[PDB]
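Contents: one structure, followed by commentary.
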Amino acid sequence: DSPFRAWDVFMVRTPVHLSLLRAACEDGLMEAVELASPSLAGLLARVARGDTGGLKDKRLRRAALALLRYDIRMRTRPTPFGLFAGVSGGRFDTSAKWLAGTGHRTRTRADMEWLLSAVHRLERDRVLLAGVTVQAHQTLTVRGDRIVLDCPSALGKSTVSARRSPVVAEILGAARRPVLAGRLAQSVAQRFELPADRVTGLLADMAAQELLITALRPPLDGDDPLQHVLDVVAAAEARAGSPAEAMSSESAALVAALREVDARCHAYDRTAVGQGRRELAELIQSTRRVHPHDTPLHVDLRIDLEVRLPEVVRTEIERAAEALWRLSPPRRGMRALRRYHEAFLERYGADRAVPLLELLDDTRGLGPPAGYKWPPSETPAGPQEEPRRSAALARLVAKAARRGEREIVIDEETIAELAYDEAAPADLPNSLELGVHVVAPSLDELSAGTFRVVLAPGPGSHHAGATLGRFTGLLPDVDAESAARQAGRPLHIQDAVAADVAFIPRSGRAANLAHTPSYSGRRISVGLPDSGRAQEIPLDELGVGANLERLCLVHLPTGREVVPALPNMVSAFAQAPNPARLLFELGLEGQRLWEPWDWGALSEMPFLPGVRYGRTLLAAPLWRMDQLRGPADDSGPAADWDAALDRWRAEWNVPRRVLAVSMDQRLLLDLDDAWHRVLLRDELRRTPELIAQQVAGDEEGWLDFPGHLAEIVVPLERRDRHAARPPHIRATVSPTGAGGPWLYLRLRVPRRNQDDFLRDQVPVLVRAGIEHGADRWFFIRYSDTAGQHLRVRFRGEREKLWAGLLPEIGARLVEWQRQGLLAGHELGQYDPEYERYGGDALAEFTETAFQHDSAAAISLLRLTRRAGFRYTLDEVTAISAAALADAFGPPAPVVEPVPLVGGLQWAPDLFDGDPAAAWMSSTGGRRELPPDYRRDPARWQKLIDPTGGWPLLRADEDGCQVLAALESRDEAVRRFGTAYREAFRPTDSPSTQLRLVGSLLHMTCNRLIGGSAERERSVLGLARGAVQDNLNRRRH
Amino acid sequence: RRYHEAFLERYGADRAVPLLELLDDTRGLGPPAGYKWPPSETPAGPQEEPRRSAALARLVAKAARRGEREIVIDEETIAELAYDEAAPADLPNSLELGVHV
Amino acid sequence: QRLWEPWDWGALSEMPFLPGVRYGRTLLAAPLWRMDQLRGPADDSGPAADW
Amino acid sequence: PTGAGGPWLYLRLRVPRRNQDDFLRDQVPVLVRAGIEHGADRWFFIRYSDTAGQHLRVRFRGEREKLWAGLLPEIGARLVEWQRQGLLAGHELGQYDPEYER
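Chains as they are written, first to last, in the UniProt record's numbering: chain Y, 3 to 18, 78 to 89, 91 to 219, 227 to 773, 779 to 808, 812 to 1113; chain S, 407 to 507; chain X, 660 to 710; chain H, 812 to 913.
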């Protein structure tokens, strides 16, 4: 019954004074500390052998607290770290089970930062280099005569700018897909008639600047990185002649030194927990031979533990996930691409695809969206989001306070109150991952339904399998179910191609967490070589299109959408090159995304109750620790602190045991314990925004089998798997200046002043343009980043325009500034958008319409100044709209009535003989008629009557002057409409003509009124209603 | 406040502008954001968040636990709610309070 | 001139009850009850005792 | 209060900040030589931010005819070529207010 169904399998995360130092020396914990902090391990080594150089009475107390953090961690922190905690398989079943064992196993791998230092040394070997394959970095961008790489990887070591010579360009083009470096270097030598080695040194410089990527570098596809380097050099050795000349001398020295580290890794992985302290020190100095690094190892721990949970729990979690979804923001996609999507719509419209990469380019495109770090975006972030405010949430807290309860219970009536709206099933995401604690008094009472599910602290994921990803190999059990489900993952766009994005992370910490396999059909490598394990879907084949609701990724060669996923938990925001991050966020477009429980403004309260839905704690109970900040750090007695604690503890009813939570720490503390009480003080001085959570199960007494010390990660997929959305495929492709076919002026006449400027000053400009031979002119009202202004355009011969017209114009423009008529002027580039107007063959008809409509508007505004002129601007504009609609003439024939935005079934045959009503109908929904029309339709029908020959208007002297001022522009539109029907084909999209005339209606409003979207809708409404009613009134 | 910044940026600190020319859309800065008569075309700056205070919140919570309809604040509360130490040079000339006694 | 303002509750204005604030004999802010809950029973066409 | 008439030619070149140093190294010199052979007597550049982002402003001073009928169209041809090569997004011609009082 939930819209989400959980997977059968799931992953489990779980942990395994000078006296306190001496005490824990008998704990092999000593192996864990040798791994996490060799420095602390050193100190423990010279207390076990006997206290040497006096130490430091500050350092004794400093080192003990560090050790205490590691002890507590090893026994309470589920977060898979080194030898402190690790992972295991688990399953939903009909019978609960919890078999804790002791046979824990380690997997040990080379740290990526460490391994890359060596790969670099192998990359300088020109003879080895020809043995491997090379390819062009996927994010190179061409600027002028230079090749540019934004954000190279600094891993084993800001921007790279190389000159793009013909040799350089040939190399990059031939290495578009991965190609053998030797065969590459030989071809380039031929073509350019060069030394076949001087070229190889070029490939080497390029691979060093990261303009090329050698196969030597680990693909991050899920394999062991170290083994990947070895397999590759082995491919090179066994291709030349004898594994001696294939690569130089000391390169094979480095190679052997790496195979040794490999060998000692498996050796140490044979060892048990606490027992391999000798093998570990043996692995360390081995790696140190290759290169001395602070942290050259990454260790994952497989926990010996069998966990099974009954179906009643799987159902709780599924119902919880639903709750969080219904309570989520009324948004599709990440918030980070909402303004970008609008920007995209504004610049490109909804029928154009832009090669991803050109879109991301500062110069050629939109650039990266606000906030993107790599390279940093220059686009400003929009308004910040206010922490939420809810009368509903506040009540929950207030009541819980009166009655002194630490948890409040919400039901369907509570959820119906918090929902920003009714969440539509079409918006359900493809997948997600919740990490939870499951707690109960006993395995058996659990089986019977006496348990709690507590949503764990930390971020969730938006991909089923992401969290399990980097633990691949360790749980053969779940890896095979995982790979099978992801192989058939649900998609939300019909016919979409699924793919996985793989990228090199910016930091070496995250780089160690990116060894994660791809199970979609495809992989998009960004800043990494292709992988042998996955068919590459090349970045440069990708485009971005848009509709009113979402952006969308398109594989340009085939016209199918792509739905990329990021199958690990590396943070795209913090760690990913921009294109990679864009791929990630685009994949989540069109999906409404769940978020943790949001307390909003209420987060300031000193205590927040846990929130329960059925058996699930959506949010744990919560204690701020502000009051304790001052009593912490006061250089005073241990009881001077303890008192403030007890005072705080009793004032808000804080339990004896708390979880101390920040971004970096979960910290299980017993506040009865004297050591834990000082640890909390140090931690608070250190992390000021720290909070306290009630431990899972404590509130129900259950803290006396270990569900609160274990995290369960359970993936869930949309139950109804079918893709709700059709693709949006209209994939497409695509410069003049101060030279001059066009003179394009920006006149900074503020809006209030514009009508007068148009009546009096623009005529002067038009007269000047004419006597200098300008053949076309027009004006529009425009608003840019600098406000509202007028833009006037002239077309003519370059010399006459720039040496004759421009200085006459400029002198007048300077006079007008002194008289205070405009603040200033600029000259800008004109990019004519004939595609909105039927294409380049129709351009002359478009320019003409624009010229004559411009002249008409000036005429009308000039009538409108006169005292006594009967008609308002809205009237003459309505008159002008209807007159244009009449003038365009009959539509092109239709195949099917067109689905219109208003629900109207737009159909040419409905409007035989009445082109005015035809076109005015495409302009709005019948209900969107303005008030002023509905309260008085008898008037507007009588006034705005083009089909009837404009009888009432021709009575009035003023009404006549209105129609005369529109003749020439009616003529122009008539011709345009004619040549337009002439060039029609029944094949053409029905949308072209509806958008064209609509554009023509919009510009008539722009020239006359507007600088107001509502005003345009009213004025168009008036005309729409009037001509529609005149048509209906005829035959009744 | 943004008007004051706009001014320094365009005119500097060694120049007076006839009031009215300053207010003119074309010749000056125009009216400041929000002015109704005539309406300014200047965009308003970032909107101000309703304040959030751990200090304000404790007072509400404490009052709630103990069911009290009043909370009593002293100098220690004021030292905590003050955004800063107000300078005597910043004292206003005058003000008017309406009260019930 | 630094300009005085009324007592500002800020985001906390959503709370169903706000206690009055007393600074030795002066009530800087009166106590305050929101009436969200009473909105639905209002306009409900029912008996005078139902309200 | 001066304008498109022309003691000053004032260019706004929409080159994003990350790209500017390269543009100043390679492209601005081309513009400066063009200004010289058309008899411009002074030139300078500044980095500026207006409402449409970070850009470069390049200014030339010279005789009106040489500036607007000679230099400007040569400059312009270069400006569109460079735009095609992805070096700048666009250009405008703006008014110059020398702030000599400062």
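Here a beta-carbon is modelled for each residue, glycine too, at the ideal position from N, C-alpha and C.
Using Cβ-Cβ distances below 8 Å, what residues of the region 423-444 of chain S are close to chain Y? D430, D431, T432, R433, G436 and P444
Where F871/Y sits in the DSSP three-state scheme: Residue state, collapsed to three classes: strand.
Which chain H residues sit within Cβ distance under 7 Å of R208/Y? By Cβ distance, chain H contributes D833.
Test: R661/X CB closer than 8 Å to a CB of chain S: yes
Closest by C-alpha distance to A389/Y, when choosing among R421/Y, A525/Y and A495/Y: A525/Y
Between the alpha carbons of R358/Y and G345/Y, how many angstroms are there, rounded? The straight-line gap from Cα to Cα measures roughly 20 Å.
Where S640/Y and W710/Y are concerned, what is the direct C-alpha to C-alpha distance, given to the nearest angstrom? 39 Å
Would a check of beta-carbon distances place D667/X closer than 8 Å to chain S? yes
Same chain, Cβ closer than 7 Å to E351/Y, neighbours up to 5 away in sequence not counted: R333
Against chain Y, which members of the region 449-461 of chain S pass a CB distance test of less than 9 Å? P449, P452, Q453, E455, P456, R458, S459, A460 and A461
Hey, is the region 1044-1062 of chain Y in contact with the region 902-911 of chain Y, meaning 3+ C-beta pairs nearer than 8 Å? no
Which chain X residues sit within Cβ distance under 9 Å of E474/S? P678
By DSSP's criteria, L425/S is part of a beta bridge. Which residues make up the other side? Paired residue(s): none; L425/S is not in a bridge.
Rounded to the nearest angstrom, how far is the Cβ of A934/Y from that of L882/Y, given a contact under 8 Å? Actually they are not in contact, since the Cβ atoms of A934/Y and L882/Y sit about 22 Å apart, beyond 8 Å.
Going along the region 482-500 of chain S in order, which residues come within less than 7 Å of chain Y, judged by CB to CB distance? none
Where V478/S meets chain X, residues with beta-carbon distance less than 7 Å: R681
Would you say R698/X lies against chain Y (beta-carbon separation less than 8 Å)? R698/X does not count as touching chain Y.
How is the alpha helix (DSSP H) around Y132/Y delimited, first residue to last? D119 to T138
Could you check whether the Cβ of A688/X sits closer than 8 Å to any Cβ belonging to chain Y? Chain Y, which has no Cβ nearer than 8 Å to the Cβ of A688/X, makes this no.
Could you tell me whether any Cβ in chain Y is nearer than 8 Å to the Cβ of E664/X? no
Residues of chain X with CB under 7 Å from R464/Y, in chain order? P675
Between the alpha carbons of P140/Y and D767/Y, how many angstroms are there, rounded? 17 Å
For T813/H and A888/Y, I'd like the C-alpha separation in whole angstroms. 8 Å
Is there a C-beta anywhere in chain S that falls below 8 Å from the one on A863/Y? no
is_contact[residue 655/X, chain Y] using C-beta, thresh 8 Å: As shown, chain X starts at 660 and ends at 710. That puts residue 655/X outside it, with no answer to give.
Limits of the unbroken alpha helix (DSSP H) element including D548/Y: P545 to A556
Take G527/Y as the anchor and find which of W666/Y, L987/Y and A556/Y has the nearest alpha-carbon. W666/Y
Between the CA atoms of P827/Y and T949/Y - distance to the nearest angstrom: 21 Å
Candidates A880/H, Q831/H and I857/H: closest to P909/H by CA position: Closest option to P909/H, judged by alpha-carbon separation, among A880/H, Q831/H and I857/H: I857/H.
With the cut-off set at 8 Å, would you say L253/Y and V196/Y are in Cβ contact? yes
Anything in the region 885-910 of chain H with a Cβ closer than 8 Å to a Cβ of chain C? List those residues in chain order, please. As a matter of chain content, chain C is missing from the structure shown, whose protein chains are Y, S, X and H.
Below 8 Å between beta carbons: does that hold for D10/Y and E550/Y? yes
If we call anything under 8 Å between Cβ atoms a contact, is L981/Y one with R1003/Y? yes
What does residue 508/S touch in chain X if you count any residue whose Cβ is under 8 Å from its own? Chain S is shown from 407 up to 507; residue 508/S falls before or after that span and cannot be answered.
Am I right that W692/Y and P675/Y are in contact with their C-beta atoms under 8 Å? What's the rounded C-beta distance? 7 Å
In terms of residues, what are the limits of the alpha helix (DSSP H) holding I386/Y? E380 to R395
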